[PDB]
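**Q** One structure is given below, represented as structure tokens, and several questions about it will come after.
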Amino acid sequence: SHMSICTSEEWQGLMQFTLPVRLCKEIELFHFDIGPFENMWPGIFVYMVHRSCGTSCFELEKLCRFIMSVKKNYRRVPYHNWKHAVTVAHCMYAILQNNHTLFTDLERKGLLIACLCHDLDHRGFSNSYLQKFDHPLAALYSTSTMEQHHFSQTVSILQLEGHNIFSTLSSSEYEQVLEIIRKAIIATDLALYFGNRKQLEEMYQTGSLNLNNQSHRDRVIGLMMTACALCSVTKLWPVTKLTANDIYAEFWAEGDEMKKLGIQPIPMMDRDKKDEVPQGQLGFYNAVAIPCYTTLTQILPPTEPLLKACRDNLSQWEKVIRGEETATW
Ligand SMILES: Nc1nc2c(ncn2[C@@H]2O[C@@H]3COP(=O)(O)O[C@H]3[C@H]2O)c(=O)[nH]1
Ligand SMILES: Nc1nc2c(ncn2[C@@H]2O[C@@H]3COP(=O)(O)O[C@H]3[C@H]2O)c(=O)[nH]1
Ligand SMILES: Nc1nc2c(ncn2[C@@H]2O[C@@H]3COP(=O)(O)O[C@H]3[C@H]2O)c(=O)[nH]1
Ligand SMILES: [Mg+2]
């Protein structure tokens, strides 16, 4: 295998980890911020899987090896890191806890794993960069470049000794869950969000949306994945602002690399144009975040708290633009 593998101490440590009792009820909520509980992150994921699919959904030892190896294969980049992975998985958990009867046991397992692995081995570089500089990854994966790589790395971890949490599924269900995971991870490519949201809006408005129609179902799951991947915009303001700093730290590092190679970066990736960030955020919320959560709320109403939170943060960015912001840290 070309993947890094967890050590015995790492996975055995997770197997023995116990979440504090009082914290459990907080994990059920949409706005929960895992930020202040780093040592507990892998344990929070185990808990979410168990509450969603039962204590025997996966053999515990294999699940712990899988989680700790996934952690080891996320890089030390500013944003697309291990913290992000667990944050996205938690949003999926909150959505599922409020819509669990609409999804099968197989889909719940697949989606939680897809979320934990959706940015596996991210290098801190965008698909735009990889394609622009003809990186080998872009030759191998023409579109949704990094996302196809993330799925390939996910399959690779399952192949590590004692890491295949899905081997006990029948051969048909095994193939089915890998497909759910592949489509879900690919769905996190924002380039695909615009078309997917437009199609879902048409399906919903014409009254043709049918959750039992597999093609419709795949699209709903795709929008759910987008919603989870974008969830930093659904946290309490200070948490959302702190995360934005990480997002931009990564964007700016990419812009720095571009300048070194003679290609000027777009303003968003230019460290010297940080004054444009508030307006950029307004643009992003208006073009992507708000419509995403608006459509998600239409199709799955219990997800409304995410939309409400996004609207609140849009209002905070507007305050920044008007020069009304309080103190930021
Ligand atoms: N590179 C690599 N190392 C492995 C593999 N399987 C086991 N190891 C390593 O072997 C080590 C044995 O002791 P450990 O502390 O459990 O940590 C283990 C890993 O670091 C593998 O497939 N690839
Ligand atoms: N490369 C590597 N494999 C290890 C290590 N410890 C255990 N292994 C396992 O031993 C196996 C020997 O055959 P393999 O196909 O190379 O796959 C290897 C791993 O599954 C280690 O430190 N490095
Ligand atoms: N592209 C983009 N992403 C943003 C912006 N503000 C926040 N984000 C989030 O940061 C993420 C960075 O990686 P991404 O996969 O491109 O998805 C991005 C969004 O979820 C913005 O202005 N542009
Ligand atoms: Mg990604």
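We name chains A, B, ... following the order of the structure tokens; residues begin at 1 in each chain, and ligands are numbered from 1 as shown.
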Can you tell me, as JSON, numbers by chain, what residues are no more than 9 Å from residue A:124 when counting only C-alpha atoms, ignoring any on the same chain fewer than 5 positions away?
**A** {"A": [75, 76, 77, 78, 79, 80, 81, 250, 251, 253, 254]}
**Q** Based on the selection just made, write N, CA and C atoms of those residues as a PDB file, in the first residue's frame.
**A**
```pdb
ATOM      1  N   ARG A  75      -3.273  15.815   5.297  1.00  0.00           N
ATOM      2  CA  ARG A  75      -2.026  16.565   5.445  1.00  0.00           C
ATOM      3  C   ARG A  75      -2.155  17.772   6.353  1.00  0.00           C
ATOM      4  N   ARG A  76      -1.011  18.339   6.719  1.00  0.00           N
ATOM      5  CA  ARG A  76      -0.994  19.502   7.584  1.00  0.00           C
ATOM      6  C   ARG A  76      -1.134  20.777   6.768  1.00  0.00           C
ATOM      7  N   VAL A  77      -2.301  20.956   6.156  1.00  0.00           N
ATOM      8  CA  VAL A  77      -2.589  22.146   5.370  1.00  0.00           C
ATOM      9  C   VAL A  77      -3.494  23.004   6.248  1.00  0.00           C
ATOM     10  N   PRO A  78      -3.634  24.295   5.927  1.00  0.00           N
ATOM     11  CA  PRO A  78      -4.475  25.143   6.774  1.00  0.00           C
ATOM     12  C   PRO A  78      -5.970  24.855   6.882  1.00  0.00           C
ATOM     13  N   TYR A  79      -6.581  24.376   5.804  1.00  0.00           N
ATOM     14  CA  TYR A  79      -8.021  24.139   5.827  1.00  0.00           C
ATOM     15  C   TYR A  79      -8.498  22.722   5.513  1.00  0.00           C
ATOM     16  N   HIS A  80      -8.068  22.163   4.389  1.00  0.00           N
ATOM     17  CA  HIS A  80      -8.501  20.812   4.025  1.00  0.00           C
ATOM     18  C   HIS A  80      -7.730  19.746   4.788  1.00  0.00           C
ATOM     19  N   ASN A  81      -7.935  19.745   6.102  1.00  0.00           N
ATOM     20  CA  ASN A  81      -7.241  18.848   7.015  1.00  0.00           C
ATOM     21  C   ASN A  81      -8.191  17.948   7.808  1.00  0.00           C
ATOM     22  N   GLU A 250      -5.073  29.001   3.131  1.00  0.00           N
ATOM     23  CA  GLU A 250      -4.774  28.017   2.105  1.00  0.00           C
ATOM     24  C   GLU A 250      -4.844  28.644   0.701  1.00  0.00           C
ATOM     25  N   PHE A 251      -5.881  29.438   0.436  1.00  0.00           N
ATOM     26  CA  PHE A 251      -6.011  30.092  -0.864  1.00  0.00           C
ATOM     27  C   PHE A 251      -4.794  30.973  -1.158  1.00  0.00           C
ATOM     28  N   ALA A 253      -1.755  30.757  -0.005  1.00  0.00           N
ATOM     29  CA  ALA A 253      -0.530  30.002  -0.236  1.00  0.00           C
ATOM     30  C   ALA A 253      -0.500  29.533  -1.695  1.00  0.00           C
ATOM     31  N   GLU A 254      -1.672  29.193  -2.239  1.00  0.00           N
ATOM     32  CA  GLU A 254      -1.759  28.758  -3.622  1.00  0.00           C
ATOM     33  C   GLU A 254      -1.435  29.945  -4.519  1.00  0.00           C
TER      34      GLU A 254
END
```
**Q** Output as a Markdown table one row per residue of chain A within 7 Å of ligand 3: the closest atom pair and its distance in Å to one decimal place, counting only C-alpha atoms and all ligand atoms, sorted by chain and residue number ascending.
**A**
```
| residue | atom | partner | partner_atom_place_in_ligand_line | distance |
| --- | --- | --- | --- | --- |
| A:126 | CA | ligand 3 | 16 (O) | 6.8 |
| A:188 | CA | ligand 3 | 15 (O) | 6.9 |
| A:189 | CA | ligand 3 | 15 (O) | 6.3 |
| A:190 | CA | ligand 3 | 15 (O) | 6.3 |
| A:229 | CA | ligand 3 | 20 (O) | 5.8 |
| A:230 | CA | ligand 3 | 20 (O) | 4.0 |
| A:244 | CA | ligand 3 | 7 (C) | 6.2 |
| A:247 | CA | ligand 3 | 10 (O) | 5.3 |
| A:268 | CA | ligand 3 | 22 (O) | 6.9 |
| A:280 | CA | ligand 3 | 22 (O) | 5.3 |
| A:281 | CA | ligand 3 | 22 (O) | 5.0 |
| A:283 | CA | ligand 3 | 22 (O) | 7.0 |
| A:284 | CA | ligand 3 | 22 (O) | 4.8 |
```
**Q** List as a PyMOL selection string the protein and nucleic acid residues lying within 12 Å of ligand 4, with only C-alpha atoms and all ligand atoms counted.
**A** chain A and resi 74+79-81+84-85+88+114-127+144-151+184-192+225-226+228-230+247
**Q** How would you write, as a ChimeraX atom specification, the set of residues no farther than 12 Å from ligand 1 when counting only C-alpha atoms and all ligand atoms?
**A** /A:1-13,65,68-69,72,156-163
**Q** With N, CA, C and O atoms retained, export the selected residues as an mmCIF file, in the first residue's frame.
**A**
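Contents of again-v2.cif, as written:
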```cif
data_model
loop_
_atom_site.group_PDB
_atom_site.id
_atom_site.type_symbol
_atom_site.label_atom_id
_atom_site.label_comp_id
_atom_site.auth_asym_id
_atom_site.auth_seq_id
_atom_site.Cartn_x
_atom_site.Cartn_y
_atom_site.Cartn_z
ATOM 1 N N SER A 1 0.830 -1.236 0.000
ATOM 2 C CA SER A 1 0.000 0.000 0.000
ATOM 3 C C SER A 1 0.848 1.263 0.000
ATOM 4 O O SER A 1 1.931 1.304 0.586
ATOM 5 N N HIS A 2 0.334 2.301 -0.650
ATOM 6 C CA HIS A 2 1.028 3.573 -0.722
ATOM 7 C C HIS A 2 0.478 4.545 0.321
ATOM 8 O O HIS A 2 0.883 5.703 0.366
ATOM 9 N N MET A 3 -0.439 4.057 1.157
ATOM 10 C CA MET A 3 -1.058 4.870 2.209
ATOM 11 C C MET A 3 -0.317 4.725 3.539
ATOM 12 O O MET A 3 0.279 3.683 3.814
ATOM 13 N N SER A 4 -0.354 5.767 4.361
ATOM 14 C CA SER A 4 0.270 5.715 5.678
ATOM 15 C C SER A 4 -0.714 4.945 6.543
ATOM 16 O O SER A 4 -1.928 5.052 6.354
ATOM 17 N N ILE A 5 -0.206 4.156 7.479
ATOM 18 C CA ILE A 5 -1.075 3.354 8.323
ATOM 19 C C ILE A 5 -0.912 3.734 9.791
ATOM 20 O O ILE A 5 0.177 4.108 10.235
ATOM 21 N N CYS A 6 -2.008 3.672 10.538
ATOM 22 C CA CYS A 6 -1.956 4.007 11.956
ATOM 23 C C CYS A 6 -1.132 2.951 12.685
ATOM 24 O O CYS A 6 -0.901 1.856 12.165
ATOM 25 N N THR A 7 -0.683 3.294 13.883
ATOM 26 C CA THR A 7 0.096 2.376 14.704
ATOM 27 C C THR A 7 -0.862 1.709 15.676
ATOM 28 O O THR A 7 -1.971 2.186 15.880
ATOM 29 N N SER A 8 -0.427 0.608 16.272
ATOM 30 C CA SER A 8 -1.242 -0.116 17.238
ATOM 31 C C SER A 8 -1.686 0.802 18.386
ATOM 32 O O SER A 8 -2.841 0.752 18.830
ATOM 33 N N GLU A 9 -0.772 1.642 18.860
ATOM 34 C CA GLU A 9 -1.070 2.553 19.961
ATOM 35 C C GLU A 9 -2.190 3.519 19.594
ATOM 36 O O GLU A 9 -3.059 3.821 20.418
ATOM 37 N N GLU A 10 -2.161 4.000 18.355
ATOM 38 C CA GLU A 10 -3.167 4.938 17.872
ATOM 39 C C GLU A 10 -4.567 4.338 17.803
ATOM 40 O O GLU A 10 -5.510 4.916 18.343
ATOM 41 N N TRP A 11 -4.732 3.181 17.168
ATOM 42 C CA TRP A 11 -6.084 2.646 17.084
ATOM 43 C C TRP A 11 -6.570 2.016 18.376
ATOM 44 O O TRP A 11 -7.762 2.078 18.688
ATOM 45 N N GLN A 12 -5.664 1.428 19.148
ATOM 46 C CA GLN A 12 -6.089 0.832 20.407
ATOM 47 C C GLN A 12 -6.497 1.955 21.351
ATOM 48 O O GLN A 12 -7.401 1.791 22.175
ATOM 49 N N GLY A 13 -5.847 3.107 21.216
ATOM 50 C CA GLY A 13 -6.188 4.240 22.058
ATOM 51 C C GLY A 13 -7.605 4.695 21.759
ATOM 52 O O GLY A 13 -8.371 5.025 22.668
ATOM 53 N N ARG A 65 -9.093 1.274 13.301
ATOM 54 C CA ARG A 65 -7.923 1.337 12.424
ATOM 55 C C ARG A 65 -8.235 2.270 11.252
ATOM 56 O O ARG A 65 -7.427 3.137 10.879
ATOM 57 N N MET A 68 -8.218 6.041 12.372
ATOM 58 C CA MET A 68 -6.892 6.576 12.666
ATOM 59 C C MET A 68 -5.986 6.626 11.443
ATOM 60 O O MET A 68 -5.112 7.490 11.356
ATOM 61 N N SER A 69 -6.189 5.729 10.485
ATOM 62 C CA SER A 69 -5.379 5.792 9.262
ATOM 63 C C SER A 69 -5.882 6.920 8.363
ATOM 64 O O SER A 69 -5.095 7.569 7.682
ATOM 65 N N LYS A 72 -4.290 9.969 9.637
ATOM 66 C CA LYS A 72 -2.885 10.009 9.243
ATOM 67 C C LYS A 72 -2.651 10.396 7.783
ATOM 68 O O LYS A 72 -1.546 10.841 7.426
ATOM 69 N N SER A 156 -8.177 2.879 -1.142
ATOM 70 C CA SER A 156 -6.858 2.397 -0.757
ATOM 71 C C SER A 156 -6.731 2.155 0.744
ATOM 72 O O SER A 156 -6.031 1.239 1.169
ATOM 73 N N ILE A 157 -7.395 2.965 1.557
ATOM 74 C CA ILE A 157 -7.304 2.740 2.991
ATOM 75 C C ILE A 157 -8.070 1.489 3.365
ATOM 76 O O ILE A 157 -7.648 0.739 4.248
ATOM 77 N N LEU A 158 -9.194 1.257 2.697
ATOM 78 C CA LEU A 158 -9.983 0.065 2.976
ATOM 79 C C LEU A 158 -9.148 -1.191 2.713
ATOM 80 O O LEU A 158 -9.370 -2.232 3.326
ATOM 81 N N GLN A 159 -8.173 -1.084 1.815
ATOM 82 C CA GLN A 159 -7.324 -2.219 1.472
ATOM 83 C C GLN A 159 -6.181 -2.482 2.451
ATOM 84 O O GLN A 159 -5.490 -3.498 2.335
ATOM 85 N N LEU A 160 -5.971 -1.581 3.409
ATOM 86 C CA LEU A 160 -4.915 -1.782 4.401
ATOM 87 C C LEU A 160 -5.331 -2.951 5.288
ATOM 88 O O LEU A 160 -6.523 -3.168 5.520
ATOM 89 N N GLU A 161 -4.356 -3.706 5.789
ATOM 90 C CA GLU A 161 -4.669 -4.858 6.627
ATOM 91 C C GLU A 161 -5.595 -4.518 7.791
ATOM 92 O O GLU A 161 -5.325 -3.605 8.565
ATOM 93 N N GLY A 162 -6.688 -5.263 7.911
ATOM 94 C CA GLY A 162 -7.617 -5.044 9.005
ATOM 95 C C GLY A 162 -8.362 -3.719 8.995
ATOM 96 O O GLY A 162 -8.914 -3.314 10.018
ATOM 97 N N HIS A 163 -8.390 -3.054 7.844
ATOM 98 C CA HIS A 163 -9.072 -1.764 7.724
ATOM 99 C C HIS A 163 -10.382 -1.814 6.943
ATOM 100 O O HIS A 163 -11.099 -0.815 6.898
#
```
**Q** Would you mind writing down, as number ranges by chain, each residue of stretch 99-308 of chain A that DSSP on the backbone assigns to helix (DSSP H, G or I)?
**A** A: 100-102, 105-117, 127-132, 136-140, 145-158, 171-186, 190-206, 214-229, 231-234, 237-260, 267-269, 271-299, 301-308
**Q** To one decimal place in Å, what is the distance between atom CA of residue A:67 and atom CA of residue A:113?
**A**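 Calculated distance between atom CA of residue A:67 and atom CA of residue A:113 is 9.2 Å.
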**Q** Here is a test: counting only C-alpha atoms, which residue of A:18, A:55, A:206, A:153 is nearest to residue A:109?
**A**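 Once distances to residue A:109 are computed over only C-alpha atoms, the minimum belongs to A:55.
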**Q** Skipping near chain neighbours, those fewer than 5 positions away, what residues fall within 12 Å of residue A:319 using only C-alpha atoms, listed as a list in words?
**A**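 Counting only the stated atoms, we get residues 237, 278, 279, 281, 282, 312, 313, 314, 324, 325 and 326 of chain A.
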**Q** Would you save the residues from that selection as a short mmCIF file (atom, residue, chain, number, x, y, z; two decimals), in the first residue's frame, using C-alpha atoms?
**A**
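Dumped to selection-v1.cif:
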```cif
data_model
loop_
_atom_site.label_atom_id
_atom_site.label_comp_id
_atom_site.auth_asym_id
_atom_site.auth_seq_id
_atom_site.Cartn_x
_atom_site.Cartn_y
_atom_site.Cartn_z
CA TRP A 237 -20.25 33.87 13.85
CA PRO A 278 -15.61 40.75 3.03
CA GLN A 279 -17.03 41.52 -0.41
CA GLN A 281 -17.62 36.44 1.20
CA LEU A 282 -20.81 38.33 0.35
CA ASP A 312 -27.04 35.11 10.16
CA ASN A 313 -23.45 34.93 8.96
CA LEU A 314 -24.29 36.65 5.70
CA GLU A 324 -19.96 47.94 11.94
CA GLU A 325 -18.06 44.83 13.15
CA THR A 326 -17.14 44.55 16.84
#
```
**Q** Choose the residue, out of A:302, A:257, A:292, A:322, that has the smallest atom-to-atom separation from residue A:133; count only C-alpha atoms.
**A**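 Of all the options, A:257 lies closest to residue A:133.
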**Q** Please identify all polymer residues within 8 Å of residue A:96, counting only C-alpha atoms, omitting same-chain residues fewer than 6 positions from it, and present them as a list in words.
**A**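 My list of contacting residues is residues 52, 103 and 108 of chain A.
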**Q** Find the residue from A:290, A:224, A:137, A:307 that sits nearest to residue A:93; use only C-alpha atoms when measuring.
**A** A:224
**Q** To one decimal place, how far is atom CA of residue A:134 from atom CA of residue A:70 in Å?
**A**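 Going from atom CA of residue A:134 over to atom CA of residue A:70 covers 27.4 Å.
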**Q** Give me the residues near residue A:272 as an MDAnalysis selection string, where near means some atom within 12 Å (using only C-alpha atoms) and where sequence neighbours in that chain fewer than 4 positions away do not count.
**A** chainID A and resid 248 251:253 255:256 259 264:268 276:277
